[PDB]
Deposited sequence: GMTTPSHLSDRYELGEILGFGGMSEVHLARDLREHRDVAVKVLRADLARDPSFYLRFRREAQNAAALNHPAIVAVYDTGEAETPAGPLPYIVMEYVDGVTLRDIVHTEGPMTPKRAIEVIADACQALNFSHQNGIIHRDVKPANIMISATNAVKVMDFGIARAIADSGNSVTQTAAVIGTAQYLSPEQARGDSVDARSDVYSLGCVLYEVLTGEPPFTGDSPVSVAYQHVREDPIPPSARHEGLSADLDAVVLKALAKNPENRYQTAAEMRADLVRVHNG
């Protein structure tokens, strides 16, 4: 058993770039547009399972196509009539690089200058998404990629405004959940501000603001426990930078940065 060589007469599949939960991403050639693309597909071993097909079909139908330099573009979606059944696929902008999750794990904590530039570019992507009526809801280091040319690329934006059902963002490690998401309170753009603050905290210190043995313990910490200032967790971090991270990580959304664009302006001021 194997993966098809082509998804329609247009996409010639190459090497596997990585794996998700139920998916695999292949480097592919767009034979029509004459370009390299990344094709996210349901894993070949799960393709014959009707439950995974139904879950991945929704994901392909909900993949948002946003055109911005700091957002992984979605060029096409479809379903290949594979000899092993229907195979849904998402055609994306190929990113030759690694996730922020990979960098924190292998390289460790980033320098203050680079970490600021990464998060400032991520703010631009979130601002554009919010201007298109889309709250990301799942901002985490794994959803931010850094290219070979050091370009920041945010991925996994959903179609937001018969509408297709979305999965619960609450499932996972809970380390990047906002207090309102963990509680089931109203969610607005300031939730992405909070989650990006968690990412900014991790790239600066080498660890997320809250850690625990269970997702309940981490969610509890997000809601009630105050985060330790980044300078106290990692050396060489200014009080001005500490004020930015801790403002984004405020419990009440009212005390956070009200917009992603506002968070970017304060980061650029610290960058000077």
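Asker: Would you flag the ranges of the deposited sequence that the structure leaves without C-alpha positions?
Answerer: Residues missing from the model, as numbered along the full deposited sequence, span 1, 163-168, 280.
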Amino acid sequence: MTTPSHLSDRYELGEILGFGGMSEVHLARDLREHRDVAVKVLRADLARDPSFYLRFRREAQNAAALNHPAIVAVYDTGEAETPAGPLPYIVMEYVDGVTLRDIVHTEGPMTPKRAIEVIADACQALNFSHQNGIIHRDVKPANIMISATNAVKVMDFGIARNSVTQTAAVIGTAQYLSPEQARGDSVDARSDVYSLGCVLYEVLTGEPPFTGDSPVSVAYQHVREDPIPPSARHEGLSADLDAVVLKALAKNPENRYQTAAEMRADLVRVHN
From here on, numbers count along this sequence of modelled residues.
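Asker: On average, which has the higher Cα B-factor in the deposited entry, 23-31 or 208-216?
Answerer: Taking the mean C-alpha B-factor of 23-31 and of 208-216, the larger value falls to 208-216.
Asker: May I ask you to compare 198-206 and 68-76 by their mean CA B factor in the entry and name the higher one?
Answerer: Stretch with the greater average CA B-factor: 198-206.
Asker: For the listed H136, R190, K153, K113, which has the peak Cα B-factor recorded in the PDB entry?
Answerer: That would be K113.
Asker: Would you mind finding, among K140, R183, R161, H130, the residue with the largest C-alpha temperature factor in the entry?
Answerer: Reading the PDB entry, the winner on C-alpha B-factor is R161.
Asker: Pull the Cα B-factor of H234 out of the PDB entry and bin it into the chain's lowest, middle or highest third.
Answerer: Tercile = highest for this residue's CA B-factor.
Asker: What third of the chain, by the recorded C-alpha B-factor, contains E59?
Answerer: Its C-alpha B-factor belongs to the lowest third of this chain's values.
Asker: Ordered by C-alpha B-factor within the chain, which third holds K40? Give me lowest, middle or highest, please.
Answerer: Its C-alpha B-factor belongs to the lowest third of this chain's values.
Asker: Using only modelled residues of the chain, where does the Cα B factor of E93 rank: lowest third, middle third or highest third?
Answerer: Lowest third of the chain for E93's C-alpha B-factor.
Asker: Ranked by Cα temperature factor within the chain, is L126 in the lowest third, the middle third or the highest third?
Answerer: For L126, whose C-alpha B-factor we compare with every modelled residue in the chain, the answer is the lowest third.
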